[PDB]
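Structure below is structure-v1.cif: mmCIF, C-alpha atoms.
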```cif
data_entry
loop_
_atom_site.group_PDB
_atom_site.id
_atom_site.type_symbol
_atom_site.label_atom_id
_atom_site.label_comp_id
_atom_site.auth_asym_id
_atom_site.auth_seq_id
_atom_site.Cartn_x
_atom_site.Cartn_y
_atom_site.Cartn_z
ATOM 1 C CA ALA L 1 3.637 -7.718 19.786
ATOM 2 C CA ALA L 2 3.058 -4.496 21.737
ATOM 3 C CA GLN L 3 4.289 -0.986 20.896
ATOM 4 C CA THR L 4 3.953 1.235 23.937
ATOM 5 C CA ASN L 5 3.263 4.969 23.668
ATOM 6 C CA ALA L 6 2.074 4.528 20.108
ATOM 7 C CA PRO L 7 0.245 7.196 18.101
ATOM 8 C CA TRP L 8 -3.406 7.123 19.121
ATOM 9 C CA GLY L 9 -4.548 5.866 15.717
ATOM 10 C CA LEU L 10 -2.386 2.753 15.873
ATOM 11 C CA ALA L 11 -3.651 2.022 19.371
ATOM 12 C CA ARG L 12 -7.205 2.597 18.144
ATOM 13 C CA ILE L 13 -7.014 0.092 15.294
ATOM 14 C CA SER L 14 -6.030 -2.692 17.719
ATOM 15 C CA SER L 15 -8.575 -1.801 20.411
ATOM 16 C CA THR L 16 -12.245 -2.341 21.170
ATOM 17 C CA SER L 17 -12.213 1.006 23.038
ATOM 18 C CA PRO L 18 -10.846 4.520 22.551
ATOM 19 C CA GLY L 19 -8.472 6.034 25.052
ATOM 20 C CA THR L 20 -5.530 3.614 25.069
ATOM 21 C CA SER L 21 -1.989 4.152 23.830
ATOM 22 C CA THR L 22 -0.454 0.719 23.109
ATOM 23 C CA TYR L 23 -0.619 -0.826 19.619
ATOM 24 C CA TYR L 24 -0.962 -4.630 19.539
ATOM 25 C CA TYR L 25 -0.268 -6.609 16.376
ATOM 26 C CA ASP L 26 1.021 -9.929 15.096
ATOM 27 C CA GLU L 27 4.805 -9.802 14.673
ATOM 28 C CA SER L 28 4.531 -10.834 11.004
ATOM 29 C CA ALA L 29 3.762 -7.109 10.550
ATOM 30 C CA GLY L 30 2.934 -7.226 6.834
ATOM 31 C CA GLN L 31 6.174 -8.950 5.828
ATOM 32 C CA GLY L 32 5.945 -10.218 2.267
ATOM 33 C CA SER L 33 3.248 -7.703 1.267
ATOM 34 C CA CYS L 34 3.690 -4.495 -0.709
ATOM 35 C CA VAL L 35 1.931 -1.134 -0.459
ATOM 36 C CA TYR L 36 2.067 1.492 -3.197
ATOM 37 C CA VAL L 37 1.651 5.063 -1.943
ATOM 38 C CA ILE L 38 0.373 7.122 -4.886
ATOM 39 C CA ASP L 39 0.993 10.677 -3.771
ATOM 40 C CA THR L 40 3.696 13.400 -3.634
ATOM 41 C CA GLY L 41 6.480 10.814 -3.242
ATOM 42 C CA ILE L 42 8.251 9.254 -0.257
ATOM 43 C CA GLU L 43 11.464 10.343 1.471
ATOM 44 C CA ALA L 44 12.788 6.798 1.367
ATOM 45 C CA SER L 45 15.991 7.786 3.200
ATOM 46 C CA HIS L 46 14.020 8.545 6.382
ATOM 47 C CA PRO L 47 15.395 6.297 9.166
ATOM 48 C CA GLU L 48 11.798 5.352 9.981
ATOM 49 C CA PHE L 49 11.521 3.339 6.735
ATOM 50 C CA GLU L 50 14.571 1.147 7.456
ATOM 51 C CA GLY L 51 15.386 0.589 3.784
ATOM 52 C CA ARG L 52 11.907 -0.833 3.080
ATOM 53 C CA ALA L 53 10.741 2.189 1.046
ATOM 54 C CA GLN L 54 11.689 3.117 -2.498
ATOM 55 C CA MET L 55 10.462 5.419 -5.229
ATOM 56 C CA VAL L 56 9.484 3.489 -8.356
ATOM 57 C CA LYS L 57 7.878 6.160 -10.558
ATOM 58 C CA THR L 58 7.500 9.901 -10.946
ATOM 59 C CA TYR L 59 5.811 12.110 -13.538
ATOM 60 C CA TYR L 60 7.805 15.229 -12.536
ATOM 61 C CA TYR L 61 11.421 16.447 -12.556
ATOM 62 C CA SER L 62 12.199 14.541 -9.358
ATOM 63 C CA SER L 63 10.920 11.500 -7.528
ATOM 64 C CA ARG L 64 11.676 13.230 -4.228
ATOM 65 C CA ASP L 65 8.850 14.283 -1.931
ATOM 66 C CA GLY L 66 9.212 18.061 -1.777
ATOM 67 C CA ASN L 67 5.893 18.378 0.081
ATOM 68 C CA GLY L 68 5.739 15.883 2.967
ATOM 69 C CA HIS L 69 2.195 14.600 2.440
ATOM 70 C CA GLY L 70 3.244 11.374 0.704
ATOM 71 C CA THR L 71 5.963 10.730 3.279
ATOM 72 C CA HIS L 72 3.413 11.157 6.080
ATOM 73 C CA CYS L 73 0.953 8.745 4.460
ATOM 74 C CA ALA L 74 3.728 6.207 3.788
ATOM 75 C CA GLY L 75 4.770 6.470 7.429
ATOM 76 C CA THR L 76 1.268 5.566 8.586
ATOM 77 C CA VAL L 77 1.272 2.541 6.269
ATOM 78 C CA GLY L 78 4.633 1.146 7.220
ATOM 79 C CA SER L 79 7.152 3.174 9.223
ATOM 80 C CA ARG L 80 8.745 1.460 12.223
ATOM 81 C CA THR L 81 7.207 3.819 14.813
ATOM 82 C CA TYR L 82 4.209 5.369 13.057
ATOM 83 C CA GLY L 83 3.108 2.512 10.804
ATOM 84 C CA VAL L 84 0.408 -0.141 10.887
ATOM 85 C CA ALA L 85 2.372 -2.752 8.859
ATOM 86 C CA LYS L 86 5.895 -2.313 10.152
ATOM 87 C CA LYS L 87 7.557 -4.873 7.844
ATOM 88 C CA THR L 88 5.765 -4.189 4.542
ATOM 89 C CA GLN L 89 7.585 -3.008 1.423
ATOM 90 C CA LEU L 90 6.640 0.542 0.392
ATOM 91 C CA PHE L 91 6.672 1.745 -3.230
ATOM 92 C CA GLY L 92 6.252 5.423 -4.058
ATOM 93 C CA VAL L 93 4.500 6.680 -7.194
ATOM 94 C CA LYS L 94 4.693 10.480 -7.482
ATOM 95 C CA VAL L 95 1.528 11.643 -9.258
ATOM 96 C CA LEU L 96 1.260 14.876 -7.232
ATOM 97 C CA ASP L 97 3.681 17.780 -7.526
ATOM 98 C CA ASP L 98 5.404 19.375 -4.557
ATOM 99 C CA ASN L 99 2.417 21.698 -4.066
ATOM 100 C CA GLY L 100 0.228 18.606 -3.652
ATOM 101 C CA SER L 101 -1.571 19.053 -6.993
ATOM 102 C CA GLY L 102 -1.905 16.725 -9.956
ATOM 103 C CA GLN L 103 -3.826 16.422 -13.182
ATOM 104 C CA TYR L 104 -6.336 13.603 -13.443
ATOM 105 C CA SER L 105 -4.556 12.292 -16.551
ATOM 106 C CA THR L 106 -1.369 11.842 -14.508
ATOM 107 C CA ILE L 107 -3.238 10.241 -11.605
ATOM 108 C CA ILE L 108 -4.908 7.779 -14.009
ATOM 109 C CA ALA L 109 -1.534 6.912 -15.536
ATOM 110 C CA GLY L 110 -0.154 6.292 -12.052
ATOM 111 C CA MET L 111 -2.952 3.872 -11.208
ATOM 112 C CA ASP L 112 -2.471 1.917 -14.426
ATOM 113 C CA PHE L 113 1.268 1.967 -13.688
ATOM 114 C CA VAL L 114 0.722 0.200 -10.355
ATOM 115 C CA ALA L 115 -1.559 -2.419 -11.922
ATOM 116 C CA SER L 116 1.327 -3.416 -14.206
ATOM 117 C CA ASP L 117 4.322 -2.626 -11.981
ATOM 118 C CA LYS L 118 3.260 -5.073 -9.276
ATOM 119 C CA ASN L 119 4.317 -7.791 -11.739
ATOM 120 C CA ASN L 120 7.873 -6.423 -11.387
ATOM 121 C CA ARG L 121 7.871 -6.713 -7.584
ATOM 122 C CA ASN L 122 7.987 -9.544 -5.050
ATOM 123 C CA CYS L 123 4.771 -9.411 -3.025
ATOM 124 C CA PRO L 124 3.880 -13.031 -2.220
ATOM 125 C CA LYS L 125 1.377 -11.999 0.462
ATOM 126 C CA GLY L 126 -0.384 -9.453 -1.774
ATOM 127 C CA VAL L 127 -0.465 -5.873 -3.019
ATOM 128 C CA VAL L 128 -2.217 -2.749 -1.691
ATOM 129 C CA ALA L 129 -2.447 0.795 -3.066
ATOM 130 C CA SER L 130 -3.112 3.845 -0.889
ATOM 131 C CA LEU L 131 -4.616 6.908 -2.630
ATOM 132 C CA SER L 132 -4.823 9.920 -0.311
ATOM 133 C CA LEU L 133 -6.005 12.183 -3.105
ATOM 134 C CA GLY L 134 -9.074 13.170 -5.060
ATOM 135 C CA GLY L 135 -11.136 15.855 -6.716
ATOM 136 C CA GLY L 136 -14.530 16.258 -8.328
ATOM 137 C CA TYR L 137 -16.392 13.353 -9.893
ATOM 138 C CA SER L 138 -14.747 11.801 -12.954
ATOM 139 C CA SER L 139 -15.882 8.550 -14.521
ATOM 140 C CA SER L 140 -12.406 8.078 -16.012
ATOM 141 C CA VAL L 141 -10.716 8.425 -12.608
ATOM 142 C CA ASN L 142 -13.197 5.987 -11.069
ATOM 143 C CA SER L 143 -12.646 3.523 -13.915
ATOM 144 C CA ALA L 144 -8.878 3.665 -13.386
ATOM 145 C CA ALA L 145 -9.342 2.884 -9.690
ATOM 146 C CA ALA L 146 -11.676 0.033 -10.635
ATOM 147 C CA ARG L 147 -9.071 -1.374 -13.042
ATOM 148 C CA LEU L 148 -6.368 -1.213 -10.389
ATOM 149 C CA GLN L 149 -8.610 -3.100 -7.956
ATOM 150 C CA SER L 150 -9.634 -5.643 -10.613
ATOM 151 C CA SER L 151 -5.965 -6.344 -11.384
ATOM 152 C CA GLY L 152 -5.468 -7.777 -7.882
ATOM 153 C CA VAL L 153 -4.587 -4.731 -5.759
ATOM 154 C CA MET L 154 -6.445 -3.730 -2.600
ATOM 155 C CA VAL L 155 -7.260 -0.084 -3.396
ATOM 156 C CA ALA L 156 -7.892 2.236 -0.435
ATOM 157 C CA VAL L 157 -8.953 5.814 -1.258
ATOM 158 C CA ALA L 158 -9.653 8.915 0.820
ATOM 159 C CA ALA L 159 -13.286 9.953 1.136
ATOM 160 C CA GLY L 160 -12.337 13.640 0.946
ATOM 161 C CA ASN L 161 -12.295 16.574 3.361
ATOM 162 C CA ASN L 162 -15.370 18.596 2.361
ATOM 163 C CA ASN L 163 -17.843 17.478 5.068
ATOM 164 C CA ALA L 164 -19.988 16.437 2.105
ATOM 165 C CA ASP L 165 -21.339 13.353 0.373
ATOM 166 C CA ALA L 166 -18.395 11.506 -1.192
ATOM 167 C CA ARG L 167 -20.576 10.460 -4.156
ATOM 168 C CA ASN L 168 -19.453 13.722 -5.809
ATOM 169 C CA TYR L 169 -15.710 13.043 -5.564
ATOM 170 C CA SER L 170 -13.281 10.707 -7.320
ATOM 171 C CA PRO L 171 -11.881 8.162 -6.808
ATOM 172 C CA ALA L 172 -13.881 8.217 -3.525
ATOM 173 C CA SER L 173 -17.141 7.490 -5.364
ATOM 174 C CA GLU L 174 -15.932 4.355 -7.180
ATOM 175 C CA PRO L 175 -17.991 1.490 -5.700
ATOM 176 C CA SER L 176 -15.423 -1.283 -6.144
ATOM 177 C CA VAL L 177 -12.591 0.304 -4.109
ATOM 178 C CA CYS L 178 -12.372 0.868 -0.341
ATOM 179 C CA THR L 179 -13.440 4.435 0.487
ATOM 180 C CA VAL L 180 -12.154 5.640 3.863
ATOM 181 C CA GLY L 181 -13.623 8.309 6.138
ATOM 182 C CA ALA L 182 -11.854 9.881 9.131
ATOM 183 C CA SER L 183 -12.454 9.735 12.888
ATOM 184 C CA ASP L 184 -10.858 11.381 15.923
ATOM 185 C CA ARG L 185 -9.425 10.062 19.184
ATOM 186 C CA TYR L 186 -12.813 10.337 20.929
ATOM 187 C CA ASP L 187 -14.549 8.221 18.263
ATOM 188 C CA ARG L 188 -16.226 11.215 16.620
ATOM 189 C CA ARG L 189 -16.480 11.633 12.873
ATOM 190 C CA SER L 190 -13.725 14.067 11.975
ATOM 191 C CA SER L 191 -15.176 17.526 11.379
ATOM 192 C CA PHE L 192 -13.996 17.636 7.746
ATOM 193 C CA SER L 193 -14.653 13.998 6.802
ATOM 194 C CA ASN L 194 -16.865 13.297 3.829
ATOM 195 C CA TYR L 195 -19.676 10.787 4.378
ATOM 196 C CA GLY L 196 -22.327 8.931 2.396
ATOM 197 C CA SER L 197 -23.287 5.476 1.206
ATOM 198 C CA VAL L 198 -20.091 5.120 -0.845
ATOM 199 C CA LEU L 199 -17.934 4.989 2.300
ATOM 200 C CA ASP L 200 -16.837 1.505 3.337
ATOM 201 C CA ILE L 201 -14.954 2.180 6.561
ATOM 202 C CA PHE L 202 -13.562 4.842 8.904
ATOM 203 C CA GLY L 203 -10.012 5.105 10.171
ATOM 204 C CA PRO L 204 -8.102 7.495 12.436
ATOM 205 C CA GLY L 205 -7.720 10.832 10.681
ATOM 206 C CA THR L 206 -7.551 13.716 13.195
ATOM 207 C CA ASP L 207 -4.165 14.627 14.732
ATOM 208 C CA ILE L 208 -2.139 11.767 13.256
ATOM 209 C CA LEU L 209 1.598 11.705 14.012
ATOM 210 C CA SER L 210 3.800 10.301 11.244
ATOM 211 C CA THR L 211 6.983 10.857 9.246
ATOM 212 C CA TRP L 212 7.744 14.070 7.367
ATOM 213 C CA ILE L 213 10.429 15.236 4.977
ATOM 214 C CA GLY L 214 13.798 16.326 6.288
ATOM 215 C CA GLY L 215 13.933 13.217 8.466
ATOM 216 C CA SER L 216 11.278 14.729 10.738
ATOM 217 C CA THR L 217 7.791 13.999 12.107
ATOM 218 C CA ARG L 218 4.563 15.932 12.524
ATOM 219 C CA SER L 219 0.891 15.541 13.355
ATOM 220 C CA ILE L 220 -1.663 16.514 10.674
ATOM 221 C CA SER L 221 -5.303 15.706 9.898
ATOM 222 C CA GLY L 222 -7.339 14.493 6.955
ATOM 223 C CA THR L 223 -8.997 11.598 5.244
ATOM 224 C CA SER L 224 -5.511 11.396 3.701
ATOM 225 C CA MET L 225 -4.362 10.148 7.117
ATOM 226 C CA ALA L 226 -7.200 7.665 7.627
ATOM 227 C CA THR L 227 -6.635 5.982 4.249
ATOM 228 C CA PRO L 228 -3.108 4.635 4.985
ATOM 229 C CA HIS L 229 -4.325 3.157 8.285
ATOM 230 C CA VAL L 230 -6.709 1.024 6.215
ATOM 231 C CA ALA L 231 -4.097 0.303 3.521
ATOM 232 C CA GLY L 232 -1.592 -0.830 6.144
ATOM 233 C CA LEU L 233 -4.277 -2.877 7.887
ATOM 234 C CA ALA L 234 -5.075 -4.647 4.609
ATOM 235 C CA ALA L 235 -1.403 -5.487 4.042
ATOM 236 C CA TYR L 236 -1.124 -6.785 7.608
ATOM 237 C CA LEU L 237 -4.229 -8.987 7.247
ATOM 238 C CA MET L 238 -3.095 -10.298 3.846
ATOM 239 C CA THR L 239 0.266 -11.309 5.339
ATOM 240 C CA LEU L 240 -1.663 -13.205 8.019
ATOM 241 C CA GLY L 241 -3.560 -15.025 5.256
ATOM 242 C CA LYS L 242 -6.922 -13.830 6.572
ATOM 243 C CA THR L 243 -8.035 -12.104 3.353
ATOM 244 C CA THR L 244 -7.014 -11.220 -0.221
ATOM 245 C CA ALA L 245 -6.764 -8.034 -2.274
ATOM 246 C CA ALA L 246 -10.198 -8.651 -3.793
ATOM 247 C CA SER L 247 -11.873 -9.336 -0.440
ATOM 248 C CA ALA L 248 -9.965 -7.206 2.089
ATOM 249 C CA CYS L 249 -12.286 -4.182 2.106
ATOM 250 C CA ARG L 250 -15.259 -6.427 2.852
ATOM 251 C CA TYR L 251 -13.258 -8.333 5.465
ATOM 252 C CA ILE L 252 -12.245 -5.093 7.185
ATOM 253 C CA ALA L 253 -15.899 -4.022 7.220
ATOM 254 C CA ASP L 254 -16.952 -7.489 8.516
ATOM 255 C CA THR L 255 -14.474 -7.309 11.393
ATOM 256 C CA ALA L 256 -14.732 -3.585 12.191
ATOM 257 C CA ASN L 257 -15.820 -2.050 15.460
ATOM 258 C CA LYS L 258 -19.504 -1.352 14.798
ATOM 259 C CA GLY L 259 -21.729 1.461 16.023
ATOM 260 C CA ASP L 260 -19.039 3.186 18.096
ATOM 261 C CA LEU L 261 -18.606 6.474 16.194
ATOM 262 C CA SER L 262 -20.595 9.639 16.849
ATOM 263 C CA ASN L 263 -21.943 12.120 14.285
ATOM 264 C CA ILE L 264 -22.271 9.469 11.567
ATOM 265 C CA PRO L 265 -25.037 10.684 9.214
ATOM 266 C CA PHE L 266 -27.990 8.387 8.701
ATOM 267 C CA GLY L 267 -27.134 6.139 5.760
ATOM 268 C CA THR L 268 -23.340 6.166 6.274
ATOM 269 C CA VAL L 269 -21.694 3.061 7.733
ATOM 270 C CA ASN L 270 -20.717 3.218 11.407
ATOM 271 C CA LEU L 271 -17.637 1.004 11.090
ATOM 272 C CA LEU L 272 -14.144 1.660 12.459
ATOM 273 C CA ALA L 273 -11.153 -0.320 11.185
ATOM 274 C CA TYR L 274 -9.965 -2.935 13.677
ATOM 275 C CA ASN L 275 -7.271 -5.612 13.450
ATOM 276 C CA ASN L 276 -8.997 -8.093 15.807
ATOM 277 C CA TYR L 277 -5.584 -9.063 17.162
ATOM 278 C CA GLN L 278 -5.731 -11.183 20.307
ATOM 279 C CA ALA L 279 -2.345 -11.107 22.043
#
```
How would this structure read if it were set down as structure tokens?
Amino acid sequence: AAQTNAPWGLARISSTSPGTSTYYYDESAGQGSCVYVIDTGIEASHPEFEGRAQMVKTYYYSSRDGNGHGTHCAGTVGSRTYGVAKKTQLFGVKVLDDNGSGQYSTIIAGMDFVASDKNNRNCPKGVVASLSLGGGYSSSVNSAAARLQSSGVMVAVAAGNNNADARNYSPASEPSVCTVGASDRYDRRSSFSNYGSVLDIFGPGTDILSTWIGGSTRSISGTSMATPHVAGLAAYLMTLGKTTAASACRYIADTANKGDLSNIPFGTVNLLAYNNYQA
């Protein structure tokens, strides 16, 4: 399948070169997979989600996304126009308040929630969790992310936006999950992207168009935006049967575009997520 005039990041993940604008992908499109977006919520009523999104948990007075961040990330995973995996099922877990903040105890509870809640959902092709959040190093936060991964969920986490070594941030620094840095449309490391040996992969993160609250759209930047590209890619590849939740991060690294990014610090992987789709 081909989506013309796609957001640059979608085109990038199906291309061996920057500078194109059509996204190519197998029509299975993540059908039969599920992606949890652990964030500020999801505006599931947005036409872009087509009834495939739902809120399943909140720790606050509402499950609604009063911020937009979670809706944007969910759109990059799986919206019809802005999403990588256009037929996946999206499940929202609101661990962040409408200011975008959350306590680590709540975030940990949300991760353990997903590890159990997947047993209440129909995801025959597999389960992914996208975590566009983080703060300073916490062994308890890292352990929660490790549990979620161990339970059979492909965990993708943002590297962080400090232009610093991600070893000092959580859950970015957890070795067993997939830690995602950000790149721009010219294949440069995004100016704010964290780096370091704990990164597994880069995805598009600068000037990413996706869904927003109020049935709208906007373009924003962050490792928060790169992470759902990788989460959606994992769901897509799991639906194709090419990999599993336990092996998808390694598979994405195996099949990535290699050595094509600029300003990658020595010791950080130079790997850009790529779907290897041959139309």
Review point. Mind telling me what the PyMOL selection byres ((chain L and resi 131-138) around 7) catches here, as a PyMOL selection string?
Key: chain L and resi 37-39+129-130+139-142+156-158+160+168-171+224+227
Could you save the residues just selected, with C-alpha atoms, as a compact mmCIF listing (two decimals), in the frame of the given file?
```
# COMPACT_ATOMS: atom_id res chain seq x y z
CA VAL L 37 1.65 5.06 -1.94
CA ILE L 38 0.37 7.12 -4.89
CA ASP L 39 0.99 10.68 -3.77
CA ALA L 129 -2.45 0.80 -3.07
CA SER L 130 -3.11 3.84 -0.89
CA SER L 139 -15.88 8.55 -14.52
CA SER L 140 -12.41 8.08 -16.01
CA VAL L 141 -10.72 8.43 -12.61
CA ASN L 142 -13.20 5.99 -11.07
CA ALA L 156 -7.89 2.24 -0.44
CA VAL L 157 -8.95 5.81 -1.26
CA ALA L 158 -9.65 8.91 0.82
CA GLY L 160 -12.34 13.64 0.95
CA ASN L 168 -19.45 13.72 -5.81
CA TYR L 169 -15.71 13.04 -5.56
CA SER L 170 -13.28 10.71 -7.32
CA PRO L 171 -11.88 8.16 -6.81
CA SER L 224 -5.51 11.40 3.70
CA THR L 227 -6.64 5.98 4.25
```
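With all atoms listed in the file as the atoms that count, the minimum distance from residue 177 (chain L) to the choices L:205, L:221, L:189, L:246 is reached by L:246.
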**Study point:** Test item: residues at most 8 Å from residue 231 (chain L), only C-alpha atoms, excluding those fewer than 2 positions along its chain, as a list in words
**Key:** residues 35, 77, 128, 129, 130, 154, 155, 156, 227, 228, 229, 233, 234 and 235 of chain L
Review point. Counting only C-alpha atoms, which of L:269, L:34, L:208, L:146 gets nearest to residue 7 (chain L)?
Key: L:208
Check your understanding: Restricting the calculation to all atoms listed in the file, which member of L:222, L:126, L:152, L:215 is positioned closest to residue 181 (chain L)?
Key ->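 Among L:222, L:126, L:152, L:215, it is L:222 that comes nearest to residue 181 (chain L).
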Could you spell out the hits of the PyMOL selection byres ((chain L and resi 96) around 9) on the shown file, as a PDB file with C-alpha atoms, keeping the file's coordinate frame?
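As written to disk, result_5.pdb reads:
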```
ATOM      1  CA  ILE L  38       0.373   7.122  -4.886  1.00  0.00           C
ATOM      2  CA  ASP L  39       0.993  10.677  -3.771  1.00  0.00           C
ATOM      3  CA  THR L  40       3.696  13.400  -3.634  1.00  0.00           C
ATOM      4  CA  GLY L  41       6.480  10.814  -3.242  1.00  0.00           C
ATOM      5  CA  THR L  58       7.500   9.901 -10.946  1.00  0.00           C
ATOM      6  CA  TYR L  59       5.811  12.110 -13.538  1.00  0.00           C
ATOM      7  CA  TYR L  60       7.805  15.229 -12.536  1.00  0.00           C
ATOM      8  CA  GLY L  70       3.244  11.374   0.704  1.00  0.00           C
ATOM      9  CA  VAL L  93       4.500   6.680  -7.194  1.00  0.00           C
ATOM     10  CA  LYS L  94       4.693  10.480  -7.482  1.00  0.00           C
ATOM     11  CA  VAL L  95       1.528  11.643  -9.258  1.00  0.00           C
ATOM     12  CA  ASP L  97       3.681  17.780  -7.526  1.00  0.00           C
ATOM     13  CA  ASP L  98       5.404  19.375  -4.557  1.00  0.00           C
ATOM     14  CA  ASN L  99       2.417  21.698  -4.066  1.00  0.00           C
ATOM     15  CA  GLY L 100       0.228  18.606  -3.652  1.00  0.00           C
ATOM     16  CA  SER L 101      -1.571  19.053  -6.993  1.00  0.00           C
ATOM     17  CA  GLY L 102      -1.905  16.725  -9.956  1.00  0.00           C
ATOM     18  CA  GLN L 103      -3.826  16.422 -13.182  1.00  0.00           C
ATOM     19  CA  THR L 106      -1.369  11.842 -14.508  1.00  0.00           C
ATOM     20  CA  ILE L 107      -3.238  10.241 -11.605  1.00  0.00           C
ATOM     21  CA  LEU L 133      -6.005  12.183  -3.105  1.00  0.00           C
TER      22      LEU L 133
END
```
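For the choices L:11, L:214, L:23, L:125, the atom-to-atom distance to residue 45 (chain L) is smallest for L:214 when using only C-alpha atoms.
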Check your understanding: Applied to the shown file, which residues does the PyMOL selection byres ((chain L and resi 8) around 9) return, written as number ranges by chain?
Key -> L: 5-7, 9-13, 18-23, 185, 204, 207-209
Kindly save the residues from that selection, with C-alpha atoms included, as a PDB file, keeping the file's coordinate frame.
```pdb
ATOM      1  CA  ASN L   5       3.263   4.969  23.668  1.00  0.00           C
ATOM      2  CA  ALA L   6       2.074   4.528  20.108  1.00  0.00           C
ATOM      3  CA  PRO L   7       0.245   7.196  18.101  1.00  0.00           C
ATOM      4  CA  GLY L   9      -4.548   5.866  15.717  1.00  0.00           C
ATOM      5  CA  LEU L  10      -2.386   2.753  15.873  1.00  0.00           C
ATOM      6  CA  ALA L  11      -3.651   2.022  19.371  1.00  0.00           C
ATOM      7  CA  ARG L  12      -7.205   2.597  18.144  1.00  0.00           C
ATOM      8  CA  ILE L  13      -7.014   0.092  15.294  1.00  0.00           C
ATOM      9  CA  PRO L  18     -10.846   4.520  22.551  1.00  0.00           C
ATOM     10  CA  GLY L  19      -8.472   6.034  25.052  1.00  0.00           C
ATOM     11  CA  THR L  20      -5.530   3.614  25.069  1.00  0.00           C
ATOM     12  CA  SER L  21      -1.989   4.152  23.830  1.00  0.00           C
ATOM     13  CA  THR L  22      -0.454   0.719  23.109  1.00  0.00           C
ATOM     14  CA  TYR L  23      -0.619  -0.826  19.619  1.00  0.00           C
ATOM     15  CA  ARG L 185      -9.425  10.062  19.184  1.00  0.00           C
ATOM     16  CA  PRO L 204      -8.102   7.495  12.436  1.00  0.00           C
ATOM     17  CA  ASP L 207      -4.165  14.627  14.732  1.00  0.00           C
ATOM     18  CA  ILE L 208      -2.139  11.767  13.256  1.00  0.00           C
ATOM     19  CA  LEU L 209       1.598  11.705  14.012  1.00  0.00           C
TER      20      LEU L 209
END
```
Point to revise | Distance of CA of residue 71 (chain L) from CA of residue 89 (chain L), expressed in Å to one decimal place | key: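 Here the two named atoms are 14.0 Å from each other.
Compared by their closest atoms to residue 80 (chain L), and using all atoms listed in the file, the residues L:211, L:172, L:230, L:15 rank with L:211 nearest.
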Exercise for review: Point out the residue among L:247, L:217, L:278, L:255 with the least atom-to-atom distance to residue 69 (chain L), counting all atoms listed in the file.
Suggested key: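 Looking only at the distances to residue 69 (chain L), the closest residue turns out to be L:217.
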**Study point:** Separation of CA of residue 263 (chain L) from CA of residue 191 (chain L) in Å
**Key:**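 Atom-to-atom, CA of residue 191 (chain L) and CA of residue 263 (chain L) are spaced 9.1 Å apart.
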Practice item. Just give me the gap between CA of residue 112 (chain L) and CA of residue 245 (chain L) in Å, one decimal is fine. Key: 16.3 Å
Quick one: what's the axis-aligned box for region 27-42 of chain L, all listed atoms, 4 Å on every side, centre and edges in Å to one decimal, as lines of an AutoDock Vina configuration file?
```
center_x = 4.3
center_y = 1.3
center_z = 4.9
size_x = 15.9
size_y = 32.2
size_z = 27.6
```
Practice item. Skip residue 182 (chain L) itself and residues of its chain fewer than 6 positions away, then list as a PyMOL selection string all residues within 6 Å of it, counting all atoms listed in the file. Key: chain L and resi 190+193+202-205+223+226
Writer output for current selection, C-alpha atoms, as an mmCIF file, in the frame of the given file:
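Below is the file that was written, result-v8.cif:
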```
data_model
loop_
_atom_site.group_PDB
_atom_site.id
_atom_site.type_symbol
_atom_site.label_atom_id
_atom_site.label_comp_id
_atom_site.auth_asym_id
_atom_site.auth_seq_id
_atom_site.Cartn_x
_atom_site.Cartn_y
_atom_site.Cartn_z
ATOM 1 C CA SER L 190 -13.725 14.067 11.975
ATOM 2 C CA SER L 193 -14.653 13.998 6.802
ATOM 3 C CA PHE L 202 -13.562 4.842 8.904
ATOM 4 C CA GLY L 203 -10.012 5.105 10.171
ATOM 5 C CA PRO L 204 -8.102 7.495 12.436
ATOM 6 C CA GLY L 205 -7.720 10.832 10.681
ATOM 7 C CA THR L 223 -8.997 11.598 5.244
ATOM 8 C CA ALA L 226 -7.200 7.665 7.627
#
```
Check your understanding: Near residue 216 (chain L), within 12 Å and counting all atoms listed in the file, which residues show up once chain neighbours fewer than 4 positions away are dropped, as a PyMOL selection string?
Key -> chain L and resi 43+45-48+68+71-72+75+82+209-212
Practice item. Excluding residue 29 (chain L) and any residue of its chain fewer than 3 positions from it, enumerate the residues within 9 Å of it, using all atoms listed in the file, and give them as a PyMOL selection string. Key: chain L and resi 25-26+78+84-88+235-237+239-240
Completion of region 30-36 of chain L up to N, CA and C atoms, as a PDB file, in the frame of the given file:
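Below is the file that was written, part-v5.pdb:
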```pdb
ATOM      1  N   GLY L  30       2.991  -7.530   8.251  1.00  0.00           N
ATOM      2  CA  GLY L  30       2.934  -7.226   6.834  1.00  0.00           C
ATOM      3  C   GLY L  30       4.135  -7.668   6.024  1.00  0.00           C
ATOM      4  N   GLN L  31       5.040  -8.456   6.599  1.00  0.00           N
ATOM      5  CA  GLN L  31       6.174  -8.950   5.828  1.00  0.00           C
ATOM      6  C   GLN L  31       5.681  -9.729   4.614  1.00  0.00           C
ATOM      7  N   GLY L  32       6.327  -9.516   3.474  1.00  0.00           N
ATOM      8  CA  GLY L  32       5.945 -10.218   2.267  1.00  0.00           C
ATOM      9  C   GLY L  32       4.826  -9.573   1.476  1.00  0.00           C
ATOM     10  N   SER L  33       4.220  -8.506   1.993  1.00  0.00           N
ATOM     11  CA  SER L  33       3.248  -7.703   1.267  1.00  0.00           C
ATOM     12  C   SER L  33       3.925  -6.455   0.717  1.00  0.00           C
ATOM     13  N   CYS L  34       3.197  -5.738  -0.136  1.00  0.00           N
ATOM     14  CA  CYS L  34       3.690  -4.495  -0.709  1.00  0.00           C
ATOM     15  C   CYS L  34       2.568  -3.474  -0.709  1.00  0.00           C
ATOM     16  N   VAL L  35       2.899  -2.222  -0.397  1.00  0.00           N
ATOM     17  CA  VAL L  35       1.931  -1.134  -0.459  1.00  0.00           C
ATOM     18  C   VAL L  35       2.495  -0.024  -1.331  1.00  0.00           C
ATOM     19  N   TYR L  36       1.753   0.335  -2.376  1.00  0.00           N
ATOM     20  CA  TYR L  36       2.067   1.492  -3.197  1.00  0.00           C
ATOM     21  C   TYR L  36       1.397   2.717  -2.590  1.00  0.00           C
TER      22      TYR L  36
END
```
